[PDB]
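Please read the structure below before turning to the comments.
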Amino acid sequence: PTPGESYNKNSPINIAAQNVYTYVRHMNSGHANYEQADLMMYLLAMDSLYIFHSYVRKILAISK
Amino acid sequence: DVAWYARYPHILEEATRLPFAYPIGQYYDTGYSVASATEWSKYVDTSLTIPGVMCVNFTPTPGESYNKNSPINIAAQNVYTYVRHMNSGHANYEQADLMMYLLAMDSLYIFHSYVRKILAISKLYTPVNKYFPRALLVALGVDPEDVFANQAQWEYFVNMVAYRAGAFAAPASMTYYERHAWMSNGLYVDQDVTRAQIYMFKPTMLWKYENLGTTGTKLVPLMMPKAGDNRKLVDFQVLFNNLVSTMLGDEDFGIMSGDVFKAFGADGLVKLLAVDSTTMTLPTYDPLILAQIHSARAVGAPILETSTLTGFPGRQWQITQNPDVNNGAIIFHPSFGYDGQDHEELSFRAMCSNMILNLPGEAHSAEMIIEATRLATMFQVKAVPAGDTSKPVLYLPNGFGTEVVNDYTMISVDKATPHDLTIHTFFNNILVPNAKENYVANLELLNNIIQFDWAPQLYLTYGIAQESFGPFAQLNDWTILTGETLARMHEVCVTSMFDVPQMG
Amino acid sequence: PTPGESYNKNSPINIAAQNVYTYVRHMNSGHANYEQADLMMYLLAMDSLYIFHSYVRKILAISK
């Protein structure tokens with residue numbers, strides 16, 4: 001699983017990090033202790049967790 | 001009235017059956033009425049070339065700003081106390097950061113309107129105007145054949161500009177954006193006819209954001225393609241890709257855009273028109289914009305960091321904001337009268353008289369007078385040169401609108417073969433040196449200019465006469481306009497453009 | 001057979017070349033290994049082919 005190619009801040013996932021950070025920051029008003037990139041790398045680690053769950057769930061569901 | 005014509009109507013019918021409505025965009029040879037007159041070669045002008053395109057080359061300005069009491073600093077205070085009182089929290093920016101963001105948004109929107117007009121011109125065809133669409137594409141600076149050959153990539157690029165710049169928020173209640181979109185997304189005829197002549201507005205330069213970190217922010221010029229440059233899609237991609245390079249995945253820009261989105265809702269934002277391979281703009285008749293073209297008043301080329309101005313160091317055009325300079329205010333006082341060289345273009349001396357506000361009819365409403373003077377910019381003093389030696393002469397205005405005119409570009413057809421497009425760039429002021437070839441060339445330019453109806457008023461200086469001649473324009477109900485009156489009108493219109501209806 | 005007189009881009013043959021290349025290439029998703037002048041030269045060579053056919057079938061039909 002890739003985030004796409006990213007050479008600088010003008011990349012699609014940095015633009016998506018800006019978009020999802022200004023979405024999340026404007027519902028959770030307060031003193032955030034993280035940036036755009038912390039939130040997007042959290043959202044990318046969530047994908048590896050979900051793919052791992054789908055992987056072991058397919059291991060179980062194949063065996064029947 | 002004549003009783004003979006009613007007796008022989010077929011004679012009057014067949015004798016006066018002439019082919020009218022000649023298509024413009026072509027060279028026409030009138031021929032000779034005296035067959036022997038070919039012995040008098042250039043003394044008989046058998047040539048006829050009607051122009052089609054006059055492109056007004058503008059620069060978007062915030063108004064004149066010397067201190068914090070300026071209209072855009074007051075507007076920065078107003079929009080900052082509006083945005084700050086809907087987005088309660090810990091803001092990490094000032095008034096001036098937000099207003100320079102709102103000024104960079106305008107250059108993005110004008111760039112999108114520019115490339116969208118490049119696409120929407122390329123589908124224009126009329127069999128009676130041969131200037132459609134290649135002359136309008138040459139006047140915008142693009143290679144016309146590159147837009148026809150690479151149509152789908154041009155459409156993808158324009159849709160991607162509208163999708164990337166459309167991710168940011170800018171308030172639609174600020175009429176700055178609507179005025180610039182009305183100028184930039186517009187093809188305007190001078191007369192409401194079929195073989196009319198076309199006015200366009202094209203940005204000479206755009207304002208490029210650069211964050212100076214601790215030392216503030218800056219808006220630096222980014223020059224656009226001039227007419228006859230044959231620029232390809234890769235050049236406009238490079239222009240867009242350093243226009244939004246500091247902005248497109250940025251933290252602070254996203255925070256300011258989200259704050260503007262929460263303050264002014266989704267219905268109160270500046271919308272970008274998209275293209276769908278059928279988007280076609282049509283030349284409309286708008287006498288409000290023709291009044292501004294008539295009273296338009298060119299200020300010269302923009303001064304850049306690379307420009308050589310002997311005796312004028314540090315005179316480049318920039319919207320600067322330093323917290324250690326002028327109490328942290330947005331500062332913009334550009335120096336005018338520069339034409340791109342170091343030779344004292346002394347046609348600009350003709351702009352030192354007071355202007356004539358020419359305007360049609362007999363009744364002139366307040367909105368008409370305040371709208372017709374928008375591209376008018378009168379010099380007030382000379383700029384003081386730093387040093388005993390000074391090659392150019394620069395000027396300081398008494399204020400200016402949200403746009404200044406830098407140039408005009410005329411597109412006509414060449415009278416020599418082949419009859420390709422001729423590109424002529426001029427100010428309101430035109431120097432005619434003492435040479436044999438440029439007197440009839442100045443006659444060519446003058447007769448080309450008077451084909452356009454509410455054209456800018458010209459000033460013509462001569463080399464050996466050592467004198468300028470005044471407003472070369474057909475007058476109407478006119479008035480003589482002074483610098484303090486135009487300064488008051490400029491103050492009113494810079495205030496009205498940046499006004500946001502507030503809650504506080 | 002002539003395509004008309006042509007010395008610049010405002011010729012009727014060049015306007016026709018652009019107008020038919022937009023329809024074949026862009027409006028119908030054609031291939032990108034030729035320009036508009038190649039398409040119009042092809043469209044002009046087809047005319048000489050058809051004029052040859054009309055010529056020899058007139059030779060055929062006259063002889064009876």
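FYI, nothing fancy with the structure tokens labels: chains A, B, ... in order, residues from 1 per chain, ligands from 1 as they appear.
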message: I need the chain B residues near chain A as a PyMOL selection string; criterion: at most 8 Å, counting only C-alpha atoms.
response: chain B and resi 89-90+245+248-251+254-255+258+262
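Identical in sequence, chain A and chain C superpose with a Cα RMSD of 1.2 Å when all alpha carbons are matched in order.
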Spatial neighbours of residue 31 (chain B), max dist 8 Å, only C-alpha atoms, sep filter under 2 positions, as a short mmCIF file (atom, residue, chain, number, x, y, z; two decimals) with N, CA, C and O atoms, in the first residue's frame:
data_model
loop_
_atom_site.label_atom_id
_atom_site.label_comp_id
_atom_site.auth_asym_id
_atom_site.auth_seq_id
_atom_site.Cartn_x
_atom_site.Cartn_y
_atom_site.Cartn_z
N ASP B 29 -7.18 45.32 -50.92
CA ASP B 29 -6.56 46.27 -51.84
C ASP B 29 -7.68 46.99 -52.57
O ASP B 29 -8.54 46.35 -53.19
N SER B 33 -8.16 54.23 -59.09
CA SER B 33 -9.13 54.91 -59.93
C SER B 33 -8.47 55.58 -61.11
O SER B 33 -9.10 55.74 -62.17
N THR B 46 -3.32 52.26 -51.67
CA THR B 46 -4.38 51.37 -52.11
C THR B 46 -4.68 50.29 -51.08
O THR B 46 -5.32 49.29 -51.42
#
query: Neighbours of residue 238 (chain B) within 12 Å (only C-alpha atoms; same-chain residues fewer than 4 positions away dropped), as a list in words?
result: residues 157, 222, 223, 224, 225, 231, 232, 233, 234, 242, 243, 244 and 245 of chain B
Mind dumping the selected residues with N, CA and C atoms as a PDB file, in the first residue's frame?
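Output file part-v8.pdb is given in full below:
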ATOM      1  N   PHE B 157      -5.455  20.806 -17.488  1.00  0.00           N
ATOM      2  CA  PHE B 157      -4.696  21.790 -16.723  1.00  0.00           C
ATOM      3  C   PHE B 157      -5.600  22.873 -16.157  1.00  0.00           C
ATOM      4  N   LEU B 222       5.053  38.216 -10.529  1.00  0.00           N
ATOM      5  CA  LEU B 222       5.277  37.102 -11.440  1.00  0.00           C
ATOM      6  C   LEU B 222       4.759  37.521 -12.806  1.00  0.00           C
ATOM      7  N   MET B 223       5.675  37.741 -13.744  1.00  0.00           N
ATOM      8  CA  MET B 223       5.316  38.224 -15.070  1.00  0.00           C
ATOM      9  C   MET B 223       4.580  37.158 -15.875  1.00  0.00           C
ATOM     10  N   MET B 224       3.669  37.614 -16.711  1.00  0.00           N
ATOM     11  CA  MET B 224       2.836  36.782 -17.561  1.00  0.00           C
ATOM     12  C   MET B 224       3.355  36.819 -18.993  1.00  0.00           C
ATOM     13  N   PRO B 225       2.893  35.913 -19.865  1.00  0.00           N
ATOM     14  CA  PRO B 225       3.272  36.008 -21.280  1.00  0.00           C
ATOM     15  C   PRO B 225       2.738  37.266 -21.947  1.00  0.00           C
ATOM     16  N   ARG B 231       3.817  30.981 -26.156  1.00  0.00           N
ATOM     17  CA  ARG B 231       4.043  30.162 -24.979  1.00  0.00           C
ATOM     18  C   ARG B 231       3.183  28.911 -25.026  1.00  0.00           C
ATOM     19  N   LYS B 232       3.754  27.802 -24.577  1.00  0.00           N
ATOM     20  CA  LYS B 232       3.099  26.510 -24.624  1.00  0.00           C
ATOM     21  C   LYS B 232       2.443  26.213 -23.283  1.00  0.00           C
ATOM     22  N   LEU B 233       1.828  25.033 -23.193  1.00  0.00           N
ATOM     23  CA  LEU B 233       1.182  24.604 -21.959  1.00  0.00           C
ATOM     24  C   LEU B 233       2.188  24.390 -20.836  1.00  0.00           C
ATOM     25  N   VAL B 234       3.422  24.013 -21.178  1.00  0.00           N
ATOM     26  CA  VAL B 234       4.453  23.772 -20.174  1.00  0.00           C
ATOM     27  C   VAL B 234       4.851  25.076 -19.483  1.00  0.00           C
ATOM     28  N   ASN B 242       4.904  27.627  -9.834  1.00  0.00           N
ATOM     29  CA  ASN B 242       5.542  28.480  -8.843  1.00  0.00           C
ATOM     30  C   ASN B 242       4.614  29.562  -8.310  1.00  0.00           C
ATOM     31  N   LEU B 243       3.389  29.658  -8.820  1.00  0.00           N
ATOM     32  CA  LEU B 243       2.412  30.533  -8.186  1.00  0.00           C
ATOM     33  C   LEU B 243       1.863  29.926  -6.900  1.00  0.00           C
ATOM     34  N   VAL B 244       1.580  28.624  -6.893  1.00  0.00           N
ATOM     35  CA  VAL B 244       0.974  27.962  -5.744  1.00  0.00           C
ATOM     36  C   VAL B 244       1.960  27.055  -5.020  1.00  0.00           C
ATOM     37  N   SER B 245       3.260  27.184  -5.303  1.00  0.00           N
ATOM     38  CA  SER B 245       4.247  26.266  -4.739  1.00  0.00           C
ATOM     39  C   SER B 245       4.407  26.460  -3.238  1.00  0.00           C
TER      40      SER B 245
END
- request: Calculate how many Å separate CA of residue 498 (chain B) from CA of residue 268 (chain B), rounding to one decimal.
  value: 14.7 Å
query: Among region 272-476 of chain B, which residues carry a DSSP assignment of strand (DSSP E or B), reported as a ChimeraX atom specification?
result: /B:284,298,319-321,331-332,336,355-359,379-382,395-397,403-413,421-426,429-432,458-462,468-472
Those selected residues, please, written with N, CA and C atoms and delivered as a short mmCIF file (atom, residue, chain, number, x, y, z; two decimals), in the first residue's frame.
data_model
loop_
_atom_site.label_atom_id
_atom_site.label_comp_id
_atom_site.auth_asym_id
_atom_site.auth_seq_id
_atom_site.Cartn_x
_atom_site.Cartn_y
_atom_site.Cartn_z
N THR B 284 -19.63 40.30 -25.59
CA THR B 284 -20.80 41.05 -25.16
C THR B 284 -20.55 42.54 -25.30
N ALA B 298 -2.24 54.54 -18.95
CA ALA B 298 -1.16 53.58 -18.74
C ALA B 298 -0.05 54.18 -17.87
N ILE B 319 4.24 44.35 -2.69
CA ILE B 319 3.36 44.50 -1.55
C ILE B 319 4.09 43.88 -0.36
N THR B 320 4.73 44.72 0.43
CA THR B 320 5.58 44.30 1.53
C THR B 320 4.83 44.44 2.86
N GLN B 321 5.11 43.53 3.78
CA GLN B 321 4.66 43.69 5.16
C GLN B 321 5.75 43.20 6.10
N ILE B 331 2.38 47.63 2.91
CA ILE B 331 2.96 48.79 2.24
C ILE B 331 3.03 48.52 0.75
N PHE B 332 2.48 49.44 -0.05
CA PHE B 332 2.59 49.36 -1.51
C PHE B 332 2.49 50.78 -2.05
N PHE B 336 5.96 54.83 -10.91
CA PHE B 336 5.43 54.68 -12.26
C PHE B 336 6.31 55.41 -13.27
N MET B 355 -6.11 65.26 -16.62
CA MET B 355 -6.79 64.39 -17.56
C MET B 355 -8.16 64.94 -17.94
N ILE B 356 -8.72 64.35 -18.99
CA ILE B 356 -10.05 64.68 -19.48
C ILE B 356 -10.92 63.45 -19.26
N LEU B 357 -11.98 63.60 -18.48
CA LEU B 357 -12.95 62.52 -18.31
C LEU B 357 -14.02 62.70 -19.37
N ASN B 358 -13.91 61.92 -20.44
CA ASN B 358 -14.88 61.95 -21.52
C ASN B 358 -15.94 60.89 -21.27
N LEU B 359 -17.20 61.26 -21.51
CA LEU B 359 -18.27 60.38 -21.07
C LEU B 359 -19.50 60.72 -21.90
N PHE B 379 -0.20 61.10 -12.64
CA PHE B 379 1.01 61.35 -11.89
C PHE B 379 0.85 62.61 -11.05
N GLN B 380 1.60 62.69 -9.96
CA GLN B 380 1.51 63.84 -9.07
C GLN B 380 2.83 64.57 -8.91
N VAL B 381 3.92 63.84 -8.67
CA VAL B 381 5.24 64.41 -8.50
C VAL B 381 6.24 63.55 -9.26
N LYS B 382 7.49 63.98 -9.27
CA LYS B 382 8.58 63.14 -9.73
C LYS B 382 9.15 62.38 -8.54
N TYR B 395 7.78 58.60 -11.56
CA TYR B 395 6.70 59.44 -11.07
C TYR B 395 6.00 58.74 -9.91
N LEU B 396 5.38 59.54 -9.06
CA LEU B 396 4.52 59.04 -8.00
C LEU B 396 3.10 59.51 -8.23
N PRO B 397 2.11 58.65 -8.13
CA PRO B 397 0.73 59.07 -8.37
C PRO B 397 0.13 59.74 -7.14
N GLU B 403 -6.71 48.27 -10.06
CA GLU B 403 -5.90 47.89 -11.21
C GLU B 403 -5.25 49.14 -11.76
N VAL B 404 -4.03 48.98 -12.25
CA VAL B 404 -3.41 49.98 -13.10
C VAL B 404 -3.18 49.34 -14.46
N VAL B 405 -3.20 50.16 -15.50
CA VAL B 405 -2.92 49.71 -16.85
C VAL B 405 -1.43 49.89 -17.11
N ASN B 406 -0.78 48.84 -17.60
CA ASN B 406 0.63 48.94 -17.95
C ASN B 406 0.84 49.27 -19.42
N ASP B 407 0.01 48.69 -20.28
CA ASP B 407 0.19 48.75 -21.72
C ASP B 407 -1.14 48.51 -22.40
N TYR B 408 -1.13 48.72 -23.71
CA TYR B 408 -2.17 48.23 -24.60
C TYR B 408 -1.49 47.51 -25.75
N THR B 409 -2.12 46.46 -26.24
CA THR B 409 -1.60 45.70 -27.36
C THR B 409 -2.65 45.64 -28.46
N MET B 410 -2.28 46.08 -29.65
CA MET B 410 -3.17 46.10 -30.80
C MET B 410 -2.79 44.98 -31.76
N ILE B 411 -3.80 44.25 -32.23
CA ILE B 411 -3.62 43.19 -33.21
C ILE B 411 -4.36 43.60 -34.48
N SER B 412 -3.62 43.71 -35.58
CA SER B 412 -4.19 43.99 -36.88
C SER B 412 -3.51 43.06 -37.88
N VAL B 413 -3.75 43.28 -39.17
CA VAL B 413 -3.16 42.47 -40.23
C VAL B 413 -2.11 43.30 -40.95
N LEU B 421 -0.46 38.56 -38.61
CA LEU B 421 -0.89 39.45 -37.56
C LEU B 421 0.27 40.35 -37.13
N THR B 422 -0.02 41.64 -36.99
CA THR B 422 0.92 42.60 -36.44
C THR B 422 0.57 42.89 -35.00
N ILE B 423 1.59 42.99 -34.15
CA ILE B 423 1.43 43.24 -32.73
C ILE B 423 2.07 44.59 -32.43
N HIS B 424 1.28 45.51 -31.90
CA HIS B 424 1.77 46.83 -31.53
C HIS B 424 1.47 47.10 -30.07
N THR B 425 2.51 47.39 -29.29
CA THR B 425 2.39 47.69 -27.87
C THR B 425 2.66 49.17 -27.64
N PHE B 426 1.78 49.82 -26.87
CA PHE B 426 1.86 51.26 -26.69
C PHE B 426 1.27 51.63 -25.34
N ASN B 429 0.77 57.40 -24.03
CA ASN B 429 1.76 58.30 -24.60
C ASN B 429 2.61 57.57 -25.62
N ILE B 430 2.90 58.25 -26.73
CA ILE B 430 3.57 57.64 -27.87
C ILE B 430 4.63 58.60 -28.37
N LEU B 431 5.89 58.18 -28.34
CA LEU B 431 6.99 58.97 -28.86
C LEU B 431 7.16 58.69 -30.35
N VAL B 432 7.25 59.75 -31.13
CA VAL B 432 7.55 59.67 -32.55
C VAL B 432 8.90 60.34 -32.79
N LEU B 458 -5.04 59.32 -26.52
CA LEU B 458 -3.62 59.27 -26.82
C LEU B 458 -2.96 60.62 -26.63
N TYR B 459 -1.66 60.57 -26.34
CA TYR B 459 -0.81 61.74 -26.28
C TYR B 459 0.40 61.46 -27.15
N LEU B 460 0.72 62.38 -28.05
CA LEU B 460 1.72 62.14 -29.08
C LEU B 460 2.79 63.21 -28.96
N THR B 461 4.01 62.81 -28.61
CA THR B 461 5.15 63.72 -28.64
C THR B 461 6.00 63.44 -29.86
N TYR B 462 6.69 64.48 -30.32
CA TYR B 462 7.50 64.41 -31.52
C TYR B 462 8.96 64.71 -31.18
N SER B 468 4.64 67.72 -27.10
CA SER B 468 3.56 66.75 -27.11
C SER B 468 2.28 67.43 -27.55
N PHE B 469 1.44 66.68 -28.24
CA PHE B 469 0.09 67.11 -28.50
C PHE B 469 -0.86 66.34 -27.60
N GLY B 470 -1.93 67.00 -27.16
CA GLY B 470 -2.76 66.55 -26.07
C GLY B 470 -3.67 65.39 -26.39
N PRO B 471 -4.86 65.37 -25.77
CA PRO B 471 -5.76 64.22 -25.93
C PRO B 471 -6.25 64.05 -27.35
N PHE B 472 -5.77 62.99 -27.99
CA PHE B 472 -6.18 62.63 -29.34
C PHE B 472 -7.35 61.68 -29.20
#
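A straight line drawn from CA of residue 198 (chain B) to CA of residue 52 (chain B) is 5.8 Å long.
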- line: Atom pair CA of residue 447 (chain B) + CA of residue 286 (chain B), distance 23.5 Å
Using DSSP on the backbone coordinates, identify all residues within region 105-244 of chain B classified as alpha helix (DSSP H); present the result as a short mmCIF file (atom, residue, chain, number, x, y, z; two decimals) with N, CA and C atoms, in the first residue's frame.
data_model
loop_
_atom_site.label_atom_id
_atom_site.label_comp_id
_atom_site.auth_asym_id
_atom_site.auth_seq_id
_atom_site.Cartn_x
_atom_site.Cartn_y
_atom_site.Cartn_z
N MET B 105 -4.91 35.12 -3.14
CA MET B 105 -6.08 34.45 -3.70
C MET B 105 -6.57 35.12 -4.97
N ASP B 106 -6.44 36.44 -5.05
CA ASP B 106 -6.85 37.18 -6.23
C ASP B 106 -5.96 36.86 -7.43
N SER B 107 -4.65 36.74 -7.21
CA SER B 107 -3.75 36.40 -8.31
C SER B 107 -4.00 34.98 -8.80
N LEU B 108 -4.33 34.07 -7.88
CA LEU B 108 -4.75 32.73 -8.29
C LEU B 108 -6.02 32.74 -9.13
N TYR B 109 -7.01 33.53 -8.71
CA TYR B 109 -8.28 33.57 -9.43
C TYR B 109 -8.14 34.24 -10.80
N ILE B 110 -7.27 35.25 -10.90
CA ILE B 110 -7.02 35.90 -12.18
C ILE B 110 -6.25 34.98 -13.11
N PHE B 111 -5.33 34.17 -12.56
CA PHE B 111 -4.64 33.18 -13.38
C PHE B 111 -5.61 32.13 -13.92
N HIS B 112 -6.55 31.68 -13.08
CA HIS B 112 -7.53 30.70 -13.54
C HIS B 112 -8.43 31.29 -14.62
N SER B 113 -8.87 32.54 -14.43
CA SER B 113 -9.68 33.21 -15.45
C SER B 113 -8.89 33.43 -16.74
N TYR B 114 -7.58 33.64 -16.61
CA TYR B 114 -6.72 33.84 -17.77
C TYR B 114 -6.61 32.57 -18.61
N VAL B 115 -6.29 31.44 -17.98
CA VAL B 115 -6.16 30.21 -18.77
C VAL B 115 -7.53 29.68 -19.21
N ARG B 116 -8.59 29.97 -18.45
CA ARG B 116 -9.93 29.60 -18.87
C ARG B 116 -10.38 30.42 -20.07
N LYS B 117 -9.96 31.68 -20.15
CA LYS B 117 -10.23 32.47 -21.34
C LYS B 117 -9.41 31.98 -22.52
N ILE B 118 -8.19 31.48 -22.27
CA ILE B 118 -7.38 30.88 -23.33
C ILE B 118 -8.11 29.69 -23.95
N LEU B 119 -8.70 28.83 -23.11
CA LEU B 119 -9.48 27.72 -23.64
C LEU B 119 -10.76 28.18 -24.33
N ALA B 120 -11.49 29.12 -23.71
CA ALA B 120 -12.81 29.48 -24.24
C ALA B 120 -12.73 30.35 -25.48
N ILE B 121 -11.59 30.98 -25.74
CA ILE B 121 -11.40 31.70 -26.99
C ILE B 121 -11.22 30.74 -28.16
N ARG B 134 -7.35 33.23 -33.55
CA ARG B 134 -5.90 33.23 -33.47
C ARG B 134 -5.35 34.56 -32.99
N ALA B 135 -6.01 35.67 -33.30
CA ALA B 135 -5.53 36.97 -32.86
C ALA B 135 -5.76 37.16 -31.37
N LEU B 136 -6.86 36.64 -30.86
CA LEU B 136 -7.13 36.69 -29.43
C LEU B 136 -6.22 35.75 -28.65
N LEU B 137 -5.70 34.71 -29.30
CA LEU B 137 -4.74 33.83 -28.64
C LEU B 137 -3.33 34.39 -28.72
N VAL B 138 -3.02 35.12 -29.79
CA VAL B 138 -1.72 35.78 -29.89
C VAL B 138 -1.64 36.94 -28.91
N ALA B 139 -2.76 37.66 -28.72
CA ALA B 139 -2.77 38.80 -27.82
C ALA B 139 -2.67 38.38 -26.36
N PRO B 144 -1.23 29.66 -30.50
CA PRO B 144 -2.58 29.18 -30.80
C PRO B 144 -2.62 27.73 -31.25
N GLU B 145 -1.60 27.28 -31.97
CA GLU B 145 -1.58 25.92 -32.48
C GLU B 145 -1.34 24.91 -31.37
N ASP B 146 -0.68 25.33 -30.29
CA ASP B 146 -0.48 24.46 -29.13
C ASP B 146 -1.78 24.20 -28.39
N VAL B 147 -2.70 25.16 -28.40
CA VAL B 147 -3.99 24.95 -27.75
C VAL B 147 -4.89 24.05 -28.58
N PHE B 148 -4.77 24.10 -29.91
CA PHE B 148 -5.55 23.24 -30.79
C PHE B 148 -5.02 21.82 -30.84
N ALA B 149 -3.69 21.67 -30.81
CA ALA B 149 -3.11 20.33 -30.89
C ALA B 149 -3.24 19.59 -29.57
N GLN B 151 -5.45 19.94 -26.88
CA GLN B 151 -6.68 20.47 -26.30
C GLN B 151 -7.03 19.79 -24.98
N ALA B 152 -6.92 18.47 -24.92
CA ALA B 152 -7.35 17.73 -23.74
C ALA B 152 -6.41 17.97 -22.56
N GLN B 153 -5.12 18.15 -22.82
CA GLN B 153 -4.19 18.48 -21.74
C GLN B 153 -4.40 19.90 -21.24
N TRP B 154 -4.76 20.82 -22.14
CA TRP B 154 -5.12 22.18 -21.74
C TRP B 154 -6.38 22.18 -20.87
N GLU B 155 -7.36 21.35 -21.22
CA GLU B 155 -8.58 21.27 -20.44
C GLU B 155 -8.33 20.62 -19.08
N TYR B 156 -7.45 19.61 -19.04
CA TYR B 156 -7.08 19.01 -17.77
C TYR B 156 -6.33 19.99 -16.89
N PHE B 157 -5.45 20.81 -17.49
CA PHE B 157 -4.70 21.79 -16.72
C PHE B 157 -5.60 22.87 -16.16
N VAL B 158 -6.58 23.32 -16.93
CA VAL B 158 -7.47 24.38 -16.46
C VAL B 158 -8.42 23.84 -15.38
N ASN B 159 -8.91 22.61 -15.56
CA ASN B 159 -9.73 21.99 -14.52
C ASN B 159 -8.93 21.71 -13.25
N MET B 160 -7.64 21.40 -13.39
CA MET B 160 -6.81 21.18 -12.22
C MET B 160 -6.47 22.48 -11.52
N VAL B 161 -6.33 23.58 -12.26
CA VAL B 161 -6.15 24.89 -11.63
C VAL B 161 -7.40 25.29 -10.87
N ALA B 162 -8.58 25.04 -11.45
CA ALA B 162 -9.83 25.33 -10.75
C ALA B 162 -10.05 24.42 -9.56
N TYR B 163 -9.50 23.21 -9.58
CA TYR B 163 -9.65 22.30 -8.45
C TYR B 163 -8.64 22.59 -7.34
N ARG B 164 -7.44 23.05 -7.69
CA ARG B 164 -6.44 23.34 -6.68
C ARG B 164 -6.68 24.69 -6.04
N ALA B 165 -6.93 25.72 -6.85
CA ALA B 165 -7.23 27.04 -6.31
C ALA B 165 -8.61 27.08 -5.67
N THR B 175 -15.93 42.62 -3.25
CA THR B 175 -16.20 42.85 -4.66
C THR B 175 -14.92 42.97 -5.48
N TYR B 176 -13.76 42.93 -4.82
CA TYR B 176 -12.46 42.83 -5.47
C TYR B 176 -12.39 41.64 -6.42
N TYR B 177 -12.81 40.47 -5.93
CA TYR B 177 -12.77 39.25 -6.72
C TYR B 177 -13.76 39.29 -7.86
N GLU B 178 -14.95 39.86 -7.62
CA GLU B 178 -15.96 39.91 -8.67
C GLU B 178 -15.57 40.90 -9.76
N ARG B 179 -14.92 42.01 -9.40
CA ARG B 179 -14.46 42.96 -10.40
C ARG B 179 -13.35 42.37 -11.25
N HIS B 180 -12.39 41.69 -10.61
CA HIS B 180 -11.31 41.08 -11.38
C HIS B 180 -11.81 39.93 -12.25
N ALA B 181 -12.83 39.20 -11.80
CA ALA B 181 -13.41 38.15 -12.63
C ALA B 181 -14.22 38.74 -13.77
N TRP B 182 -14.85 39.89 -13.55
CA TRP B 182 -15.60 40.56 -14.60
C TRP B 182 -14.68 41.13 -15.67
N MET B 183 -13.50 41.59 -15.27
CA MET B 183 -12.54 42.05 -16.27
C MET B 183 -11.88 40.89 -16.99
N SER B 184 -11.50 39.84 -16.26
CA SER B 184 -10.68 38.78 -16.83
C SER B 184 -11.50 37.78 -17.63
N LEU B 233 1.83 25.03 -23.19
CA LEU B 233 1.18 24.60 -21.96
C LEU B 233 2.19 24.39 -20.84
N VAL B 234 3.42 24.01 -21.18
CA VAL B 234 4.45 23.77 -20.17
C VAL B 234 4.85 25.08 -19.48
N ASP B 235 4.78 26.20 -20.21
CA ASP B 235 5.14 27.48 -19.61
C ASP B 235 4.07 27.96 -18.64
N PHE B 236 2.79 27.78 -18.99
CA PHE B 236 1.71 28.11 -18.06
C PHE B 236 1.68 27.16 -16.88
N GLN B 237 2.11 25.91 -17.08
CA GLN B 237 2.24 24.98 -15.97
C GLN B 237 3.35 25.40 -15.02
N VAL B 238 4.46 25.91 -15.56
CA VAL B 238 5.54 26.41 -14.72
C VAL B 238 5.10 27.66 -13.96
N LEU B 239 4.31 28.52 -14.61
CA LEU B 239 3.76 29.71 -13.96
C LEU B 239 2.83 29.34 -12.81
N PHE B 240 1.94 28.37 -13.04
CA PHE B 240 1.06 27.92 -11.97
C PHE B 240 1.83 27.18 -10.89
N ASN B 241 2.88 26.46 -11.25
CA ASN B 241 3.58 25.62 -10.30
C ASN B 241 4.64 26.36 -9.52
N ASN B 242 4.90 27.63 -9.83
CA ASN B 242 5.54 28.48 -8.84
C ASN B 242 4.61 29.56 -8.31
N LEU B 243 3.39 29.66 -8.82
CA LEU B 243 2.41 30.53 -8.19
C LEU B 243 1.86 29.93 -6.90
#
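If you count only C-alpha atoms and ignore residues fewer than 6 places along the chain from region 46-54 of chain A, what sits within 10 Å of it is residues 1, 40 and 60 of chain A.
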message: Report as a PyMOL selection string all protein, DNA and RNA residues lying within 9 Å of residue 68 (chain B), evaluated on only C-alpha atoms, omitting residues in the same chain fewer than 5 positions from it.
response: chain B and resi 73-74+326-331
